[PDB]
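Report on the structure
Each chain is listed here by its residues.
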Amino acid sequence: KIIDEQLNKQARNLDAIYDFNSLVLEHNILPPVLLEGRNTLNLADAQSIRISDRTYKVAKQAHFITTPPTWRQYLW
Amino acid sequence: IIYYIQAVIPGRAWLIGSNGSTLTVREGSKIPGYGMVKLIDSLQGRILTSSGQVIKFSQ
Amino acid sequence: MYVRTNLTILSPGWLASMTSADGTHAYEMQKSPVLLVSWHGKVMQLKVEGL
Amino acid sequence: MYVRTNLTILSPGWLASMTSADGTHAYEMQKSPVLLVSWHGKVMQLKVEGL
Amino acid sequence: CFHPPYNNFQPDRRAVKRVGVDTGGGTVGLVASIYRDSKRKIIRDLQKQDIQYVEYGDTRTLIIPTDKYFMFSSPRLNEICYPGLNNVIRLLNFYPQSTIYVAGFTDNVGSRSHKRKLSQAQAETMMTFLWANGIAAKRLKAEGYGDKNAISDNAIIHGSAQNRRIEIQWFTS
Amino acid sequence: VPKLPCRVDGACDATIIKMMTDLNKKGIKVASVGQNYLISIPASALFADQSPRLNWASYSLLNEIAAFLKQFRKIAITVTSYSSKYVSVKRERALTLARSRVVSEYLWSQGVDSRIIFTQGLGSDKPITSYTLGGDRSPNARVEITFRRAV
Amino acid sequence: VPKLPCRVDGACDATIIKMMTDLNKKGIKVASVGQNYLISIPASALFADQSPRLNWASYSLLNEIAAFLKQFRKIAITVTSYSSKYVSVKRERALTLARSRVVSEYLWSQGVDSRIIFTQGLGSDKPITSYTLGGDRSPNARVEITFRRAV
Amino acid sequence: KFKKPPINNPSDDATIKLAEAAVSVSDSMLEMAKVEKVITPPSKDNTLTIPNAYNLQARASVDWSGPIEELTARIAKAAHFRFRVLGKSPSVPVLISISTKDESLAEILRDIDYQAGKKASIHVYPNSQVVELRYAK
Amino acid sequence: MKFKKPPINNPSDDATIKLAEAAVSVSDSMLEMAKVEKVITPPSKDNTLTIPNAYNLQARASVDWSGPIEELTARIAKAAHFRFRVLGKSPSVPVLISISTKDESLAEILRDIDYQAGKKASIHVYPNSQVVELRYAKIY
Amino acid sequence: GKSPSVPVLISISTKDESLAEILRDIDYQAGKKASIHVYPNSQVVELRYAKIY
Amino acid sequence: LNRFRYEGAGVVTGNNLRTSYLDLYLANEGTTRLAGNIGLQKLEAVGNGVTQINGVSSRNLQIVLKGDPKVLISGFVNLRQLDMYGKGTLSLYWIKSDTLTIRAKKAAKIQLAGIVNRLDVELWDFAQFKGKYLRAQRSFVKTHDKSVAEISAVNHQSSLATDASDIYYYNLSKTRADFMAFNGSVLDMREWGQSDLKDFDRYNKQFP
């Protein structure tokens, strides 16, 4: 309760920094989410190691939406 | 080549060139790259050119 | 849940949306114990009960 | 075990290592009750709780 | 008596007021005046406030908190803490020939150009304030750096809060 | 929680304040700004007349300042020396360097947990004051220590 | 009952009408027509002679006005500044606009739960009274605030 | 004698850092929008101007949603102007939907041609009181 | 001899600290992204060509609005005494605008609104007849 | 060069020697993995990783 | 020819004069016309007379008036310091200088235009200084009772007024600092008509 009411008191800056509609694509479609890593090294066993510079993964494919999300469904 | 205005007075103006060329320019005078001077304004640092462009203060 | 009002719903999204010639907004969407709208530049929250 | 930190891990090694552009390290490794790390040229021990 | 807006930029007739209210004795009024206007008493008052003073040899420095003495993200100055500024003027009255440097320091977050502009704004505001307080401009010069010589870590909240600062340096000869 | 120490051992803020106040009362310059701390001592309590030798009685003050120093936690400590202008530049530089080297060696021998110790002496190149009437008695000649608090 | 508030928070109509009576007693013009309220303040009690500055005691009146405006629920506020004719038209307009900016800024710093605030200065471009013997002492020079009580 | 501090002021280090971060991100987003947004030249915009004729200054209310040909014919009849079209009628006729209460047929035609855009446009001659609907190719 | 340091404030909150820790990284990332975008794409012109300021546009304003657009711009026009026109059509999806500032005049306020609208809508002004024209994005 | 995924570790415990000797010792202990170079007239100290594999 | 001191209340007129430096001491309302190219670092006039000079080019010049002359000077001058104590009027065309210090006591009507890198102004009473078209990078203004100052600051502006002192600035400096003691006033007093006017930013919103 304390943290929720503190967050509610400090409201405007939260949305001001975490707006999404400014990032939403023109076609009212949420652009997808990407994950990046660098300097990856793995060892499977003896005589088996693999090294890569950077890796990129797609988390969630893009899709339509009616309204931009908010901090509501993430913080409170 | 680009010119600029430095000091502006009713009737008389002070002109600088891209190479540092100085000029004490009156209403009646030919200015290179911009043609002939017609009118100057003390209120607004805008000088129209006979060629058709506008010269303002530098930034 | 089907909701009729004259506000502008923002939070939960929806599926079915329509508007009258007088600006009355009707929506159909998934159940949710709350809603969040904007009135005249002020964000306000609506409590949904009866679930 | 998966560990997220920004220090350097010494004692039990690991199998998967990754580092962000920011400077945050992540490791997937075997399970252990303790870890040995280098802080600023100084050794340090970390006790693991809730195995 | 006095006026809260810096008494409209005039010297304070404070000792006469103190001795008058005392007589309302001469000796006790005089000792009260000397106790009030003692330099060490002034320094103790600054310590009582959120202002720091440092002396080392013949070069001396003053430390001012940007947040406590400024409107946030504003080259304007909060008027609440005006006693500190009055004390500053009274203390600098004791060094009528020293040259002046003033400098400003901000945090590590945001556009570097924006940081530089804000620091310049703060420094110029302070210098102009002093100029209005009555020192000829030829004795002063302002400077607002970025986040170069930090006195504390910026990855710590309290460290950065201590880091953002206003410094005033002055020599003697 | 019981396994975890309540505080870093041997630490007491009251003791820190008390000893720092006592040191400044003795007359050794101590200054604190943020995490950056500086201290300064005139050579009159350490060396003879332009001498790279340590007076025996100075060991008590050395022990006291070392005890205060070890209270905090650090990474690197810098010690620098400043001297008067007596003969040349080379002689002054060598004397300052030797003094700094010796005091750094003794400090490191003492129980101080500093990862790095840097030492140097600039002689009479950056005077702190224009008043140069005295020689080794001048406040300009001195030895100073600086460090950054480690979190 | 305790869950859903009976009224908008901080609502005391008795206090509101009492403070309105006090303001009208002090001479600040307060008027209500329909759902629209207007308040006029003579510039003499706030500013100096043709000055963009305020005396320290004026902050009390400013605080009273802010406390009043806190109570009501609104969206838009309009503030305008009228003055006499002194030298020109542009100078008077600039003075009025600056005064409006200052009062609006202090109000916004205070907790006025608005959405939009407009500031305008008209100088002496529209008088209010045929009597214009006084300068800033004349009642014509003043400031005015207008708003509508929305639901 | 009493100038109270602002009520909702960031009187804490965390709050002031948050507000500074908000300013920074707002500035960054503003720069993003500034660089990405495309403008159009007013010297080259394709919007038919006001015909500035007296009979075009009347006021009316109109609701419509459908083919534009009969609508513009009726508007021309109301304005007492001859009306004609040129081109080939598309298989799927251009459709608009205008709901309005009190304005003038000049703005009506302006918005009509705006919504038409590529498929067709309109031209007005006040010298010979005529309106032409020109199709595309 | 009491010893202290200048900045002493009210106690903070750990959750706020964590929020700041996230926010600083987010802001730095946005700054870098804006820098690289500016580098890759050179801007050409500015909206001030189509939205030139004029007299009686200096009456000042301060707003805080994070909702729809139409009523906001209508109130602005009513204050300015300008005839309001709308071209195009409001789509089913509403166009939302978030704005918060203090002491900004009409011209730059409108320019900021236009920039934030970006691709969805556009604003134009005509001081000759005191006309404010809002045009939607007609596509598809 | 690029920092390898395997970090480079050292163990240094000495007393009162020159910075040049410290750096030479560091380079010796690094060995095949990295190298140290100095440009005095430019006051530049540089390290280079080993391009290998 | 290097010196000219005129006393005798006569009329002097000359044109097409060339020199390196000369010093002039005019007296007794000597109606003086000069139409030559002349450099000079000193000049004094008694007052109550008119004087026209066309063409001045010197590395330095210092002038302090005593009476109430009516002077007009054309050319390029690097000035240092000016003082006024009577009912004087002065006007120039262009000045390529960096440091200027102006003191005004009784009445001075000064029409200046040029480039200034640092300017200090002190006005006591009945001083109306129209430094319009005189762009200055650094400006400092101190005004006592009954002073009017039209200024053209560029980047950094400092201004203090005691009471009934009006300062109008015809340009937005990147840094502004204005203070009023009793009845001071500082106003933008701009056009509002230009199509390319710029408004306040983060580093400008200083409120009177």
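In its metadata, the entry names cryo-EM as the structure determination method and reports 4.6 Å as the resolution.

Along the backbone of chain H there are three helices and five strands. When the helices and strands of chain H are read in sequence order from the N terminus, they spell out α-β-α-β-β-α-β-β. For 137 residues, the compact-globule estimate of 2.2 N^0.38 gives 14 Å, and chain H exceeds it by more than 25% at 25 Å. Based on the C-alpha atoms only, the size of chain H along its principal axes is roughly 75 × 40 × 30 Å. A burial count over chain H gives 40% of its 137 residues as buried. The contacts in chain H between residues at least 6 apart in sequence include a share of 70% that link residues at least 24 apart. Carbon and sulfur atoms make up 58% of the accessible area of chain H, which totals about 8400 Å². Put simply, chain H has 19 plus and 16 minus side-chain charges, and the middle of one group is 7 Å from the middle of the other.

A tally of regular secondary structure across chain K gives zero helices and 18 strands. Here chain K has a C-alpha radius of gyration of 19 Å; the compact-globule value for 208 residues is 17 Å, and the two agree. Expressed along its principal axes, the backbone C-alpha trace of chain K runs to roughly 60 × 30 × 30 Å. By the burial criterion, 55% of the 208 residues in chain K qualify as buried. Of the contacts formed within chain K by residues at least 6 apart in sequence, a portion of 6% connects residues at least 24 apart. On chain K, roughly 9400 Å² of surface is accessible, and the fraction owed to carbon and sulfur atoms is 54%. Once the 28 positive and 20 negative side-chain charges of chain K are each reduced to a mean point, those two points are 5 Å apart.

So, about the environment of G:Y106. Here G:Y106 lies in helix α3 (residues 90-109). The spatial distance from the C-alpha of G:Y106 to the C-alpha of G:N63 is 9.6 Å, given a sequence separation of 43 residues.

Moving on, we get to the pairing of strand β4 (residues 34-38) of chain C. All names here are of chain C. Here β4 lies mainly inside the structure; four of its five residues are buried. Judged from the five bridges that link them, β4 and strand β5 (residues 43-47) form a sheet pairing that is antiparallel. Note that in β5 the partner of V37 across the bridge is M44. Hairpin connection between β4 and β5: a loop of four residues separates the two successive antiparallel strands, and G41 in this loop has a positive phi of roughly 95°.

Looking now at the interface of chain H and chain I. Contacts between the two partners involve 25 residues from chain H and, on the opposite side, 36 residues from chain I. The junction of chain H with chain I conceals about 2700 Å² of combined surface from both sides, 66% of it contributed by carbon and sulfur atoms. Summed over the shared surface of chain H and chain I, the number is one salt bridge. Here H:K37 and I:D114 are joined by a salt bridge, their closest N and O atoms 3.9 Å apart. Inspection of the region where chain H meets chain I yields seven residue pairs in polar contact. Secondary-structure elements contributing two or more residues to the side of chain H that touches chain I are α1 (13-36) and α3 (105-116) of chain H. Sort the elements by how many residues they give to the side of chain H that touches chain I and α1(H) lands first, with 13 residues.

We now examine the sheet that holds strand β6 (residues 43-47) of chain D. An order of β2-β5-β6 (chain D) is seen for the three strands of this open sheet, with the pairing classed as antiparallel. Only two strands of the sheet have a single partner each, and these edge strands are β2 (8-9) and β6 of chain D.

Now for the packing of aromatic side chains. Applying the stated criterion across every chain, the model contains 26 aromatic pairs over all chains. Considering the side-chain rings of F:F72 and F:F147, the 6.3 Å spacing of their centres and the 50° angle between planes classify their relative orientation as tilted. Taken together, the positions of F:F72 in the loop between α2 (58-71) and β3 (76-82) and F:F147 in strand β5 (residues 142-148) put the pair 75 residues apart, joining distant regions of the chain. In textbook terms, an aromatic cluster arises when at least three aromatic residues are bridged by ring pairs, as seen for E:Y82, G:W56, G:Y59 and G:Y106. In this arrangement the basic side chain of F:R99 is found over the ring face of F:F47, its NZ or CZ atom lying 4.2 Å from the centre.

Looking now at the arrangement of the chains. There are 24 pairs of chains in contact here, and the one with the most contacts is chains H and I. What separates chain E from chain J at the closest point of their C-alpha atoms is a distance of 21 Å, and the two make no contact.

Let's shift gears to unusual backbone geometry. Notably, E:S73 is not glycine yet its phi reads approximately 55°, a positive angle. Secondary-structure assignment places E:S73 in the loop between α4 (66-69) and α5 (82-92). Phi is positive for K:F126, close to 55°, though the residue is something other than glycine. Following the sequence through the fold, K:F126 ends up in the loop between β13 (118-123) and β14 (127-130).

Turning our attention to the sheet that holds strand β2 (residues 82-86) of chain H. Residues and elements named next belong to chain H. Strand order in the open sheet formed by three strands is β2-β5-β4, and the pairing between neighbours is mixed. Two strands in the sheet have a free side with no partner beyond their single neighbour: β2 and β4 (120-125). Here the average twist between neighbouring strands, direction ignored, is 20°. Pairing analysis gives six bridges linking β4 to strand β5 (residues 130-135), with the strands arranged antiparallel. Looking across to β5, one finds that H123 is bridged to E132.

Time to look at the interface of chain H and chain G. Quite often, the size of an interface is put as the accessible area lost when its parts meet. In this assembly, seven residues from chain H lie in contact with nine residues from chain G. Interface of chain H and chain G: buried area, both sides summed, is about 710 Å²; carbon and sulfur atoms make up 53% of it. Taken as a group, H:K1, H:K3 and H:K4 account for 67% of the area that chain H buries against chain G, more than any other trio of residues on that side. Seen at the junction of chain H and chain G, the total is two residue pairs in polar contact. Looking at the side of chain H that touches chain G, its residues break down into four nonpolar, no polar and three charged.

Spanning 20 residues, α3(G) covers 28 Å between terminal C-alpha atoms, matching the ideal 28 Å at 1.5 Å per step. Judged by how many residues are buried, α3(G) sits mostly within the fold: 15 of 20 residues are covered.

Okay, a nonpolar patch on the surface next. On the surface, a cluster of nonpolar side chains totalling about 390 Å² of accessible area is made up of E:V28, E:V31, E:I34 and E:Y35. Its location among the elements puts E:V28 in helix α2 (residues 26-37).

Pairing is possible between side chains of opposite charge, provided their charged atoms come close. Inspection of every chain in the model, using the stated rule, returns 37 salt bridges over all chains. Of the charged contacts in the structure, one is a salt bridge between E:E55 and E:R60, with a shortest N-O distance of 2.4 Å. Looking at E:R60, the relative accessible area reads 10%, which means it is buried. Salt bridges sharing partners connect three or more residues here, namely A:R12, A:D15, G:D113, G:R115 and I:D64.

So, about the packing of α2(E) against helix α3 (residues 39-48) of chain E. Residue and element names in this part refer to chain E. α3 packs onto α2 with a crossing angle of 55° between their chain directions and a minimal axis gap of 5 Å. If you check the angle between α2 and α3, you find them oblique. Side by side, α2 and α3 meet where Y35, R36 and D37 of the first sit next to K39, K41 and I42 of the second. Tallied by class, the residues present in the contact of α2 with α3 amount to two nonpolar, no polar and four charged.

Conventions and cut-offs
Residues numbered from 1 in each chain as written, not as in the entry; some residues may be left out. Chains lettered and ligands numbered in written order. Part of a larger assembly, values for the part shown. Heavy atoms only, no water. Helix = DSSP H or I, 4+ residues; strand = E, 2+ residues; numbered from the N terminus. Rg over C-alpha atoms; globule rule 2.2 N^0.38 Å. Buried < 20%, exposed > 50% of the residue type's maximum accessible area, 1.4 Å probe, protein only. Contact = heavy atoms within 4.5 Å. Areas by Shrake-Rupley, 256 points an atom, 1.4 Å probe, with all protein chains shown as cover. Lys, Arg positive; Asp, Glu negative; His and termini not counted. Charge placed at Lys NZ, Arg CZ, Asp CG, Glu CD. Pairing = 2+ DSSP bridges. Buried area = accessible area lost by both parts, 1.4 Å probe. Salt bridge = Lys/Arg side-chain N within 4 Å of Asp/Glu carboxyl O. Polar contact = N/O pair within 3.5 Å; in protein donor to acceptor, adjacent residues only side chain to side chain. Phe/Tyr/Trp six-rings, centres within 6.5 Å; stacked < 30°, edge-to-face > 60°. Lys NZ or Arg CZ within 6 Å of the ring centre and 35° of its normal. Axes fitted to C-alpha atoms, helices over the stretch in contact; angles between N-to-C directions. Nonpolar A, V, L, I, M, F, W, Y, C, P; charged D, E, K, R; others polar. Expected span 1.5 Å × (residues − 1). Patch = residues over 30% accessible without salt bridge, like charges linked within 9 Å, V, L, I, M, F, W, Y side chains within 5 Å. Parallel < 35°, antiparallel > 145°, perpendicular 65-115°, else oblique.

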